[PDB]
Every structure is written in C-alpha cells, then in structure tokens.
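Below: the structure, in structure tokens.
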Amino acid sequence: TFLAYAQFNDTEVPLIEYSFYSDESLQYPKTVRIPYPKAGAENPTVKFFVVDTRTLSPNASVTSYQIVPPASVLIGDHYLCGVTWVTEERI
Amino acid sequence: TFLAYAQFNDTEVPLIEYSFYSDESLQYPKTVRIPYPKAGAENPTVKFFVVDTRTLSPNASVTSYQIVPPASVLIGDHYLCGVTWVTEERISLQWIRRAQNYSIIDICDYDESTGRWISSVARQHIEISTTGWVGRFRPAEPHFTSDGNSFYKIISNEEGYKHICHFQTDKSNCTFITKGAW
Ligand SMILES: *[C@@H]1O[C@H](CO)[C@@H](O[C@@H]2O[C@H](CO)[C@@H](O)[C@H](O)[C@H]2NC(C)=O)[C@H](O)[C@H]1NC(C)=O
Ligand SMILES: *[C@@H]1O[C@H](CO)[C@@H](O)[C@H](O)[C@H]1NC(C)=O
Ligand SMILES: *[C@@H]1O[C@H](CO)[C@@H](O)[C@H](O)[C@H]1NC(C)=O
Ligand SMILES: *[C@@H]1O[C@H](CO)[C@@H](O)[C@H](O)[C@H]1NC(C)=O
Ligand SMILES: *[C@@H]1O[C@H](CO)[C@@H](O)[C@H](O)[C@H]1NC(C)=O
C-alpha cells in the first residue's frame, strides 16, 4: 500500500576530488567529485517519507507524510539507520 | 471535507497600463499594470483542484486531485464558469469554450479507493446556442436535489424562452417544468 523512502541532501557536504584516467585514448584526465563528509564535516541531512500509493494518478498530487525522529534525536545531527515494516499500518 | 479552488495563470496575458497620480504629495505618477486580455488577445488559463483537507498536517503534503474539462472543451480555449457542490462526493463543474456558444456540465464522483474525482459521458450535459450565446451573460447554474441524482436549470426552450428544465443527473434528456412567452 505504502512506499517508504528516505531523501538525502548533500548540499552542504564538501567534495572529495580525485583523478580518473580511464582508457589510454582519454586525452585529459577526468575529475571525479563525490559529496563525501570527512570527520567533523557537514554531514548530509535526511528526511523520511511514507507514500500512500493508492491515490497515485497522473492528475493527482502525491500523498506522503514525513516522519520526523523523536525530539531527543531531532535536537541535532542525526542518522536514519533502520526501517522495518511491522504491519500495513505500523512502521 | 474537501476544498476546491481554481488556479489562474496570466503569464501570457498582455498588460494594460495607465497612470495613477495618487495623492498630491506623490512626486512621480505610478504606473498601474494589470494582465487584461482584450478581444482576440491571449487569455489566462485555468486549473481546478479538489483538496482533501482531511490529510492536511504540518509534515504532510497536500493531497489534491485535478479535474480537467471534458474533451469537447479541452480541444481549445475555455473558461471554467461554474462550480456547484452536489454532495461530499459529488461536484458539478460547468465549462464553456472561449466561443461561448457551447458549454458543458461535468458531474464528478469521488472514488474512495483512489481519492480521485471521476467523470463520465453519462453525467455530462451539453447546452448550446445556434443563434447566439449560452445564458443571459453566463450559462445558468444547475440546481441539484438533495441526493444529487437530478437537478433543475434554466435553458432556452424550443420557442427561445428561458425556462426551468429538469435533468436526470445521468441522462441527457430534460423536461421543461415551465413554459410561456415570459
Ligand atoms: C537541501 O538543504 C539545503 C540547505 O543545506 C536547502 O537549502 C535551503 O533552502 C531554503 C528554502 O528553499 C532556503 O531558505 C535556504 O536559504 C537554503 N539554505 C542554503 C544555505 O542553501 C535545500 O532546500 C534542501 N533541498 C531539499 C529539496 O530539501
Ligand atoms: C487527467 O486525466 C484525464 C481523464 O479525465 C485526462 O483526459 C487528462 O489528459 C489527464 N491530464 C493529464 C495528462 O495529467
Ligand atoms: C503558467 O503558464 C506558463 C506558460 O504560459 C507555464 O510555463 C507555467 O509553468 C505556468 N505556471 C503554473 C504554475 O502552472
Ligand atoms: C513536524 O516536523 C518538525 C520538524 O521537521 C517538528 O518540529 C514537528 O514536531 C513535527 N510535527 C509533527 C506534525 O509531527
Ligand atoms: C459557435 O461559434 C463558432 C464561431 O463563431 C461557429 O463556428 C459555431 O458553429 C458556433 N456554434 C453554433 C452552435 O452555432
């Protein structure tokens, strides 16, 4: 019925950059960049969502609710490290 | 339960402009600008949505469905000209071609299992004019019975007089309940 999903925001995460040379024919090396948070750096932020797929239709908005973590955690930087469906109406 | 609203987009509508001098102390006239379409100009477009205000909540998205005009009207420039709530699960939308000698009443039913407002050719009623325009200024509003299975509305009769016809919500023929040269 539902389709839970997390959204990840790397906007303020620094980029690690390194070279990838590739096949000999590649005249200039390619610069690979990954939003990679190193110790103490800005980490990416996260949002969780449960979507009710039943109202999914081209001319219809998306029905979704954002489940925020308990305040003791919402207080500061946090990580979502687990998602377990128990029943169709309990996550 | 539901909140319906129409969205108007004037992006491509030319702007009329004129001076507004305001109070004497104003040293420079301000220029009023209004998106206002003149004959033949580009018209604003419209969209109709039905919000299901039951889901509304701070950390929740707006659950809404868009009802679009029936094909015969979609084909070109149109105007939404009437919105009438029949029942918590039945809403009547009245559209009309930019021409205005052709309007249609589309009666949509809510689908509990999908949250969308469905339409059907059974519940669509056409009104037209071959000698002019529909309605006196705008097509007359339908008046539904408490169960929304039929409705009463004014249209021109065979003699060209505006009288009350009776429509079965899901049948195209209507019956006049009034008649005369008035
Ligand atoms: C990803 O996170 C960034 C912040 O790191 C969000 O950017 C902010 O967006 C709001 C509203 O759009 C602005 O008022 C802020 O000024 C922005 N902050 C900065 C410093 O960029 C961004 O909206 C997030 N993206 C999504 C889709 O969640
Ligand atoms: C919305 O659904 C209607 C069905 O009545 C369809 O005719 C219309 O093209 C759809 N609009 C889109 C493409 O979102
Ligand atoms: C308004 O109409 C323009 C096209 O004229 C379109 O590009 C734009 O996305 C529309 N705006 C909205 C929010 O529907
Ligand atoms: C909604 O989310 C904000 C933070 O994203 C939080 O402050 C608030 O407690 C949440 N309220 C609800 C509807 O649970
Ligand atoms: C509505 O007007 C258009 C152009 O003015 C015309 O082609 C069409 O036949 C008219 N409809 C009727 C019923 O006369």
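Letters A, B, ... mark the chains of the structure tokens in the order given; residue numbers begin at 1 per chain; ligand numbers begin at 1, in order shown.
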
May I have the residues of chain A within 9 Å of chain B, counting only C-alpha atoms, written as a list in words?
-> residues 53, 54, 55, 56, 57, 59, 60, 61, 62, 63, 64, 65, 66, 67 and 68 of chain A

As an MDAnalysis selection string, which residues of chain B does DSSP assign to strand (DSSP E or B)?
-> chainID B and resid 2:9 15:20 30:35 45:52 60 64:67 78:87 90:97 102:110 117:118 124:128 143:144 150:156 162:168 174:176

Neighbours of ligand 5 within 6 Å, counting only C-alpha atoms and all ligand atoms, as a ChimeraX atom specification?
-> /B:99,101,128-130

Expected file contents, prior selection, N, CA and C atoms, as an mmCIF file, in the first residue's frame:
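The resulting file, part-v1.cif, is shown below:
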```cif
data_model
loop_
_atom_site.group_PDB
_atom_site.id
_atom_site.type_symbol
_atom_site.label_atom_id
_atom_site.label_comp_id
_atom_site.auth_asym_id
_atom_site.auth_seq_id
_atom_site.Cartn_x
_atom_site.Cartn_y
_atom_site.Cartn_z
ATOM 1 N N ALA B 99 -15.519 30.364 -27.273
ATOM 2 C CA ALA B 99 -16.545 30.871 -28.177
ATOM 3 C C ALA B 99 -17.796 31.266 -27.409
ATOM 4 N N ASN B 101 -20.712 29.545 -27.172
ATOM 5 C CA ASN B 101 -21.986 29.102 -27.702
ATOM 6 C C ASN B 101 -22.046 27.603 -27.472
ATOM 7 N N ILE B 128 -26.196 24.612 -25.662
ATOM 8 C CA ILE B 128 -25.629 25.422 -26.741
ATOM 9 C C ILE B 128 -26.630 26.434 -27.282
ATOM 10 N N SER B 129 -26.154 27.263 -28.199
ATOM 11 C CA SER B 129 -26.988 28.278 -28.818
ATOM 12 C C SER B 129 -26.507 28.359 -30.252
ATOM 13 N N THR B 130 -27.439 28.376 -31.193
ATOM 14 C CA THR B 130 -27.091 28.453 -32.607
ATOM 15 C C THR B 130 -27.377 29.866 -33.111
#
```

Contacts of range 155-168 of chain B at 10 Å (only C-alpha atoms; same-chain gap of 2+ positions) as JSON, numbers by chain | {"B": [122, 123, 125, 127, 128, 129, 131, 134, 135, 136, 139, 140, 141, 142, 143, 144, 148, 149, 150, 151, 152, 153, 170, 171, 172, 173, 174, 175, 176, 177, 178, 179, 180, 181, 182]}

Test item, helix (DSSP H, G or I) assignment across chain A, answer as a list in words |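 Output for chain A, helix (DSSP H, G or I) only: residues 53, 54, 55, 71, 72, 73 and 74 of chain A.
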
Can those selected residues be exported to a file as a short mmCIF file (atom, residue, chain, number, x, y, z; two decimals), in the first residue's frame so that it contains N, CA, C and O atoms?
```cif
data_model
loop_
_atom_site.label_atom_id
_atom_site.label_comp_id
_atom_site.auth_asym_id
_atom_site.auth_seq_id
_atom_site.Cartn_x
_atom_site.Cartn_y
_atom_site.Cartn_z
N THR A 53 0.39 4.90 -2.01
CA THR A 53 0.35 4.66 -3.44
C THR A 53 -1.04 4.56 -4.00
O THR A 53 -1.23 4.69 -5.20
N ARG A 54 -2.02 4.33 -3.15
CA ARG A 54 -3.40 4.20 -3.61
C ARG A 54 -3.95 5.41 -4.35
O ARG A 54 -4.80 5.26 -5.23
N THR A 55 -3.49 6.61 -4.03
CA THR A 55 -4.00 7.79 -4.72
C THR A 55 -3.08 8.23 -5.87
O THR A 55 -3.14 9.37 -6.33
N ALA A 71 12.09 13.98 19.26
CA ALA A 71 12.82 15.20 19.60
C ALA A 71 14.21 14.98 20.20
O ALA A 71 15.15 15.70 19.86
N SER A 72 14.35 14.00 21.09
CA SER A 72 15.65 13.72 21.70
C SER A 72 16.75 13.55 20.65
O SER A 72 17.94 13.74 20.92
N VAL A 73 16.34 13.19 19.45
CA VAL A 73 17.24 12.99 18.33
C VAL A 73 17.17 14.18 17.37
O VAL A 73 18.19 14.63 16.86
N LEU A 74 15.95 14.68 17.14
CA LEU A 74 15.76 15.82 16.23
C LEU A 74 16.60 16.99 16.71
O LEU A 74 16.96 17.86 15.92
#
```

Might you pull out every residue within 10 Å of range 84-90 of chain A, with only C-alpha atoms counted and same-chain residues fewer than 6 positions away left off, and present them as a list in words?
->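 Listing them by chain and then by number gives residues 1, 2 and 4 of chain A.
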
Separation of CA of residue 14 in chain A from atom 15 (C, counted along the ligand's line) of ligand 1 in Å |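 Atom 15 (C, counted along the ligand's line) of ligand 1 sits 17.3 Å away from CA of residue 14 in chain A.
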
All residues 12 Å or closer to residue 41 in chain A, only C-alpha atoms, same chain fewer than 2 positions away omitted, as a PyMOL selection string | chain A and resi 10+12-16+35-39+43-44+77

Using C-alpha atoms, can you export the residues from the last selection as a compact mmCIF listing (two decimals), in the first residue's frame?
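And here is the file that came out, again-v3.txt:
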```txt
# COMPACT_ATOMS: atom_id res chain seq x y z
CA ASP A 10 24.28 16.57 0.34
CA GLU A 12 26.50 21.39 2.35
CA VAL A 13 28.80 18.37 2.25
CA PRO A 14 32.32 19.10 0.92
CA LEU A 15 33.51 17.32 -2.19
CA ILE A 16 36.36 14.87 -2.37
CA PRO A 35 29.96 14.74 -1.75
CA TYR A 36 31.99 12.98 0.96
CA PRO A 37 31.82 14.01 4.62
CA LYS A 38 35.15 13.59 6.40
CA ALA A 39 35.48 13.68 10.21
CA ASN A 43 27.10 15.72 7.02
CA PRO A 44 24.24 15.23 4.60
CA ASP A 77 22.72 15.99 13.71
```

Within 9 Å of ligand 3, which residues of chain B show up? Give each one with its shortest atom-to-atom distance in Å (one decimal) and the two atoms involved, counting only C-alpha atoms and all ligand atoms, rows by chain then rising residue number, as a Markdown table.
```
| residue | atom | partner | partner_atom_place_in_ligand_line | distance |
| --- | --- | --- | --- | --- |
| B:7 | CA | ligand 3 | 14 (O) | 8.0 |
| B:8 | CA | ligand 3 | 14 (O) | 8.1 |
| B:9 | CA | ligand 3 | 1 (C) | 5.0 |
| B:10 | CA | ligand 3 | 1 (C) | 6.9 |
| B:11 | CA | ligand 3 | 5 (O) | 5.1 |
| B:12 | CA | ligand 3 | 5 (O) | 5.4 |
| B:13 | CA | ligand 3 | 5 (O) | 8.7 |
| B:44 | CA | ligand 3 | 2 (O) | 8.5 |
| B:45 | CA | ligand 3 | 2 (O) | 7.5 |
| B:46 | CA | ligand 3 | 14 (O) | 8.6 |
| B:47 | CA | ligand 3 | 14 (O) | 8.3 |
```

Test item: residues lying within 8 Å of ligand 1 with only C-alpha atoms and all ligand atoms, as a PyMOL selection string = chain A and resi 7-12+45

Please measure the separation of atom 4 (C, counted along the ligand's line) of ligand 4 and CA of residue 1 in chain B, giving the value in Å to one decimal.
->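 Rounded to one decimal, the two atoms are 26.0 Å apart.
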
Considering only C-alpha atoms and all ligand atoms, state which residue in the set B:169, B:72, B:88, B:98 is at the smallest distance from ligand 2.
-> B:72

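The spacing separating CA of residue 80 in chain B from CA of residue 107 in chain B amounts to 13.5 Å.
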
Nearest to residue 119 in chain B among B:132, B:70, B:76, B:82, with distances taken over only C-alpha atoms: which residue is it?
->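 Of B:132, B:70, B:76, B:82, the one nearest residue 119 in chain B, counting only C-alpha atoms, is B:70.
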